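Included below are structure tokens for two forms of one protein chain, each presented in isolation as structure 1 and structure 2.
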Structure 1
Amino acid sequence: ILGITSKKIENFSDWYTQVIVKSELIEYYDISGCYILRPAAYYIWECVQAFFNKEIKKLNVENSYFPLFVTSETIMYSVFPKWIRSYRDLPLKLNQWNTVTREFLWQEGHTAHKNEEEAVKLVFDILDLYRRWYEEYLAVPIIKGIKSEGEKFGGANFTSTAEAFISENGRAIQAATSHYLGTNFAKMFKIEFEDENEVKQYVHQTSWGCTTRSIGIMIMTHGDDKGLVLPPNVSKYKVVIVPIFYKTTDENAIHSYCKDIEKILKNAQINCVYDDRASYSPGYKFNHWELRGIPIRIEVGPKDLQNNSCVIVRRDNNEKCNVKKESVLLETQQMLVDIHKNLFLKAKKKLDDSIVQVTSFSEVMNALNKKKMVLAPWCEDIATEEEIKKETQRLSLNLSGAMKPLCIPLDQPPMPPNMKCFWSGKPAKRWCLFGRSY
């Protein structure tokens, strides 16, 4: 009852709710579904917040706060004409860190540029920062792409997106967005400027956001039947030290030895916890910290005193090795790196193995039935989006069983000149990724 009672594959929904509560990420307030972000969850948000802030500031984006909202977007663009008069006032680059299933925390950026080229470059610069956000900190692989006309934001010229995929239930989920808004809102609010030639021009706008859904995607990606699995970059404690006594003493020697290891790690700015609670067995502690997603366990028993060593246990694959005491710092540092690398790579394999490249709709149900996505040549006719939804829904009988256009990947496979649309039989335009979704 203390651990996870539902297998991730067999009952994904119940598994997830158990993991997020028992790992002490969240705490449910009442029956409304409202929840509290405990330190373990907020810490992850703080890590990626710190990363994102440093990177957008390199792009001269400035943080700010706009408190007025309308049902849900921020009141902002109508103020821009008061700030923009000439090309010297451009580019305007703003970001806000907001607080408000539902999502409590998120980030939202807005820019305005003198032309299309500069705005579009920012759109994709930001999009890659989202990629790094997921990869370098959450160890989650994403796919960058363009939304179809039927799935893009209404006010956007085009919507670029990062897509993640949960292989266990065969569903894609939108991980982040970066819109090119063109001049759509500039026309609405007369957001105009005089260029270098004293000519009136429309500003070109972008908006981009990412929420705490990123944390959920991380959990769903890496979590296992033992509970939470944290990439070291978003775990407060990198290491837990567990003492092992055999009642034959010396507990004090073990205790002292563990404190030596704790000191070495902490002196190297590697935060860790020494679980010296007398009331709980070592086996109890193993579960306790595995459940909470601690990347590395260091065990110390009698044999380790004898051999001047310690046992290191990886959280991601449960592999154990003996390590000399004088080598603990270096090997722990390398282990933390390799754990992140392994989490990403094994997640990327599951993602790559989830994409079935097809040329005909007759290949689609085979891929959906195996809980995968399809990559197909598509004429991109907006009317066909609903047709494809309705038909895949009909053929599967099945929380939606429909597949939708996820994104047109920035990385396109070659397109043969005479390639037809997998659905309409018309000339294909580009390869599009289709799948079931959240």
Structure 2
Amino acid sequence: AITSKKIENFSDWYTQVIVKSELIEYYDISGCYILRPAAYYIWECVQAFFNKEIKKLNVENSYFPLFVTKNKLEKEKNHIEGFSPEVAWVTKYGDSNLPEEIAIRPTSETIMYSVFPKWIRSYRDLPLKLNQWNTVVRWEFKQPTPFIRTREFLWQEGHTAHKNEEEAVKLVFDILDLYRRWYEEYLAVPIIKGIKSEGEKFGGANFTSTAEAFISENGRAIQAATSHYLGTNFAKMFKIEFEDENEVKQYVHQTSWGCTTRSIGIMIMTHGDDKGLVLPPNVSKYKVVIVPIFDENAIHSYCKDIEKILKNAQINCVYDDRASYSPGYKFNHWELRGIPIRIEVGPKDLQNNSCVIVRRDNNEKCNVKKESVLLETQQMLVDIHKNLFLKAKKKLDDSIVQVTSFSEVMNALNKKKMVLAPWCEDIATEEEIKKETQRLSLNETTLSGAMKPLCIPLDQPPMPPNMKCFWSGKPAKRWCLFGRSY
């Protein structure tokens, strides 16, 4: 059983759920986690979706080396200043020192763009559109969180190069909406699109667009995915020039974008409850578990009939016919593992040519005739997804408090909210705001009390004529979301 309540001890709840549902195994290197089959299956689902969608944009998958030389790694100025203390270095093979130490990729801009100039010489070579499915390493000494913040993680990283700004920026936002769909249609998680503040954008980017999620039970925002307009910054550093149709040398305009197995953690944190994992049907291997209750051969034959009915309509299920466990053990076993639907069959159900169908998300039960099971299961799978999404969306909406003064912020943070505030967007105020909110959090978590700029939402409320910045008192430019975060 899960022995900590989600609302009472969130972190212990989370670790219990991910271990006991067999998603995650811990490892003897801190910040590294094993993805067991149930977790990797979710990854494969979203991988298939995203592959299908980026193929329509003519992005092609590729694979680049795990390692980068000092030479290539330092061509980036703001980029390496961002990543340098968490880049892991290989220095030895066996007991012998390498002739030159080499670094493991934290992200692959410097690796890929080292060869982009050979591939791009003319406007005819554009656009160039690549993606990798790989793992990267960011070896930090902050507290890790399984799925959410790890030292090694699986992701996809896309990289494109275009003849001008307009085409690149359009691709940036097309990708951002694909991430919206990845979260909503497969994980049933709502996100907020926005632009990062200057202090929080990717090193080397012109701007960083972002999808933000929020975990209302512990008041913490989590960046769900990211899509950068790099402009010509990397093209200047790596000399990625092309001859345009007027025979003029130009720099390419670049994008890069990423989304990780953090998405799985966001889904777990969003939908999981005190009984364990709750899976949206689109990322659940088994849509239905059939559990018999005890003639035992009549029940066996009936449950296998139902299994045939579901599998014949391409609905994968499992009939838990294990002889040594009670029905209630099985109920709990499969609720912990997040199976969306349980079908129960006892003798009274068989006599009625009926069965009991039980939704994982709200535990509502109903009697369904045998011949109606297929249809009723299909409808229910759809309705479960919608319910999960809508419940999460209400929580997301209820997590935002609009403020005009810093005097309202701490109260909102302590109620596990984010704030939407008018802001002048000056980069120095970012650190000032972080430090003051951290200082004032003195009035249970292990994570920091500091509030960060999360994103400037694409959907802006009107800015009244003379509204001042909630922090500096200077004229406010736009509304920006702030909160504590992972």
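Residue indices: 1-based, along structure 1. Just so we're on the same page, rigid core means the largest C-alpha set that superposes within 1.5 Å between forms.
After superposing on the rigid core, which residue among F66, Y35, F51, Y43 shows a C-alpha displacement of 2 Å or more between structure 1 and structure 2? The only residue crossing the 2 Å threshold is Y35.
Once the two forms are fitted on their core, CA shift of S207 between structure 1 and structure 2 in Å: It moves 0.4 Å at the C-alpha.
Once the rigid core is superposed, tell me how far the Cα of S360 moves between structure 1 and structure 2, in Å to one decimal. With the rigid core fitted, the alpha carbon of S360 is displaced 1.6 Å between structure 1 and structure 2.
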